[PDB]
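FYI the Cβ positions are ideal-geometry reconstructions off the backbone, even for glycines, and counts take in every protein chain you see. Each value in this text was obtained by applying a stated rule to the coordinates, not by laboratory testing.
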Ligand SMILES: [Fe+3]
Ligand SMILES: [Fe+3]
Ligand SMILES: [Fe+3]
Ligand SMILES: [Fe+3]
């Protein structure tokens, strides 16, 4: 995997992503931003069910839960330029399907090599000729060691003609990052989580999985309190399904209410 | 010539799914009782008059029509044909668009087309693409070639190149009386007809369904809470208020905090 | 005998007796004017239009809507052609007037918390007519249909019978002289533009009072509403009587029998493409 | 081949003879045409239904457009090319088609007895295709095959290579014997708008019937434009006395028009 950032352009980042299926952007979040995210997130990780430590933890509905995710992450300029470059001419519009914080503690087993877009057999059966669907931004909230199980990737596996082949493990490259760095990959790229050999270290990450406008998001954000939705930018509101999408094909719009803009239809400002 | 292959009054739902597989279009006779057609027209007329050219379009039916809320969204034949059309790998489905269409005197003939062309990534797969759009076209009025009944090209959902829309001479007219329905795929070539009649307006009710993973055209979250609470859980899932359960991701999709969405926002278990 | 009220008119009452009660009292109640089905579709046709007007700093205790002929088919056909309304119009304007048309057709909604209205005469808007008080000519004829129940608790309209005959219209009376008009169904109250009246306060925390008013004019008084924007397809669906009511046909006063509201001294509706 | 004002009306009739297609309106007039025509096209609720209308056509222009009624039907270039195209033996002509429009074929295929004669057949259709919007190969320029009007066999429609794209900014004239086809509109935002005027010789039945035009619209037009829409009798050189008469008298005068 290419650990390329700092002087790298977003067009370049899109190019490494399309050639390899995975890219590492160094120092994406400021260390203060990482500390702000962990501070806002810790109480809700502790409250997940209101001598048996819980090794594995998964949490979503981040916009309701974190202000910095509400504002900083959903409006991040690099994530949006990479989304526009990844979806390209034919797609047009996109939104976030899943935003989740992931925690593996000590003793977590090794994961199977897999492709996330396997959840869509109708898309997954086209293998590498298939349209771009899933785009995954995997952000740091703890150190990524091979020892604590940093996620592994097989570069170029997004282009294979047969997706029944998940490859073999010696083809996987571990993604080592330290601070609020990110790794981007497509839903067609083979990957797997690592085993956490240390007895003393918990792996924490934030994944943001985006979809094209025409693929159903995994998360429903309509129970998000109205006051917090009104505090968000219209771009972030479209990302969480509160605004209509604008595909280039049928530019009149999609996800409408009475053939009119959706967010205005249920009380948001125009 | 090909003809449309009419059905119903003794055909099983499996037969309708099979006719849909082979021809891409089928006519279900006597689908709605005359009383149901009269409720539907009575409930829809005031909303059509306030919509502000004889052509008309209207959606957001569940807020506007009780018969659509209860009778149509819970219709057993529609759901049997839906489960037969999407089949094993899909599992769950929901409604993308429910609309009343009105085409009165002077209406121009439509160009031959395929509705699934609004999805270029799917449309470019031509006949080998997955099932996506399933359209139920109910006749709230008589469908005559004189008033512009929809024409179809059977077997065109099968074609290897969807850049070919076929020719107007391969088209078969769909004559429907009232409460009769025509079911078709989003991959089948079709077009609405010209309404020469100086006097008569054609009324149809379209119900366009999607597999679980394709975004519905309509958003129903501004639907009033007590009309949603009056609906059956199946009908609530059709309008996006309940989580889907694809065979692919059996644990669920369209969730709130990895929990059932309708329960999460105050609906009954 | 010890007590007096607005007089009711039942189905066995003729329109001549209704016109009689109307210019002895200035107000009359026509029981069971609209069938429950007519009230139901009238409310049904009006609901989407009101919802589009009022869906969006201010609580809404009050709603109004006009331009009914474009908006409601039952109003276009059933109400605008209603035989009793035309009998009473002919009797109210009488020989010297001859022809009449509708000045204002409006739906009014008074919900909870609406304050009591001041006593008034609707014809104060015409000072040259209003200054003649009870000697003045008939001008406004108001038909107020109850689209919901009219209770004193939700503010049923109050009237002062005989106030249309008063010699000084600067005097609007006092609330102790007003009698409430209780109506249930699509029952109607007819009153003159010279009779003092006022809407009540809606004390209820739950109930909305809804009414449909049709205010008619003699041919020579300018209607409040202009109906030029009514679509031609809906005007062509109307009967010639209803077309004259909304100003698309010439009037035929008894005074100037040749006609009024003409185009090149010819019938107006034919002159702009309607059927002869 | 393109033709400016240094081009003769003669020399354009001589392209039409040689190639079968020619490329030659005030931008203001173009906007006036678009302004008068837009409300009628919109009226074809505002029917979209997530299903926008892609192909559109409209006719009966004289009832609908004043500038088409006066300037276009009386335009000196259309009539000079019409007289030059029909020539001596024909004499008189009228409009068969006035339409706004937004496979290889030949319009004179609708006349099998004429179409069977191939390139030696008499002139019938003359088609003026004006650009109400930009005419690019990117939004689907009508393609033409020059010289196809003279081919000895009209069941050969040629192949899609011989097609030369007709690029216009804001008309192209062609015969009903020229192979042509409209292009595909790839542009994912723009729509090409054209106005076609298809003329016939006097003896060929026009496609459009113009009697439902209200009488005042007919009476405001020049006598030439009234003859173009079938309200005046034709005067063939063959039958110099007249054709399309009422009781052997001029038709438009017989039904209340001018002398
Ligand atoms: Fe994964
Ligand atoms: Fe269609
Ligand atoms: Fe008043
Ligand atoms: Fe052509």
Revision key, fill the gap. The percentage of Cα-Cα pairs in the range B:225-269 separated by more than 14 Å is 44 percent
Review point. Distance in nm between label sites at residue C:179 and residue B:158, each 7 Å beyond Cα in the beta-carbon direction?
Key: 8.2 nm
Exercise for review: Provide Rg and Dmax in Å for the range C:133-209, with only Cα atoms included in the calculation.
Suggested key: 13.5, 43
Exercise for review: Rounded to whole Å and ordered largest first, report the semi-axes of the equivalent ellipsoid of the protein assembly as shown derived from its Cα gyration tensor (root of 5λ).
Suggested key: 58, 51, 26
Exercise for review: Give the value in nm², to one decimal: projected area of the alpha carbon convex hull of the range A:69-143, averaged over all directions.
Suggested key: 7.0 nm²
Study note, to complete from the structure: Taking N as the residue count of chain B, its alpha carbon Rg divided by 2.2 N^0.38 Å gives 1.00
Point to revise | Separation between Cα centres of the range B:176-217 and the range C:223-276, rounded to whole Å | key: 41 Å
Exercise for review: Assuming 0.692 mPa s and 37 °C, estimate D for the range A:139-270 with Stokes-Einstein, Rh taken as the Kirkwood radius over Cα pairs, in µm²/s.
Suggested key: 182 µm²/s
Review point. Taking N as the number of residues in the range B:1-145, what is its alpha-carbon radius of gyration divided by 2.2 N^0.38 Å?
Key: 1.14
Exercise for review: Using Cα centres only, tell me the gap between the range D:61-77 and the range C:106-136 in whole Å.
Suggested key: 55 Å
Practice item. Give the calculated FRET efficiency between residue A:26 and residue B:170 to the nearest 0.05, with a Förster radius of 41 Å applied to their Cβ-Cβ distance. Key: 0.10
**Study point:** Within the protein assembly as shown, helix-based [θ] at 222 nm, where runs of 4 or more DSSP H residues each add -39,500 (n - 2.57), nearest 500
**Key:** -6500 deg cm²/dmol
Practice item. Tell me the label-point distance for the pair residue B:54, residue B:71, using the 7 Å Cα-to-Cβ offset, in nm and rounded to one decimal. Key: 2.5 nm
Check your understanding: Can you give the mean number of other chain Cβ atoms that lie within 10 Å of the Cβ atoms in peptide A:220-227?
Key -> 4
Study note, to complete from the structure: Quick calc: nm separation of the 7 Å Cα→Cβ label points for residue D:134 and residue D:248 -> 6.1 nm
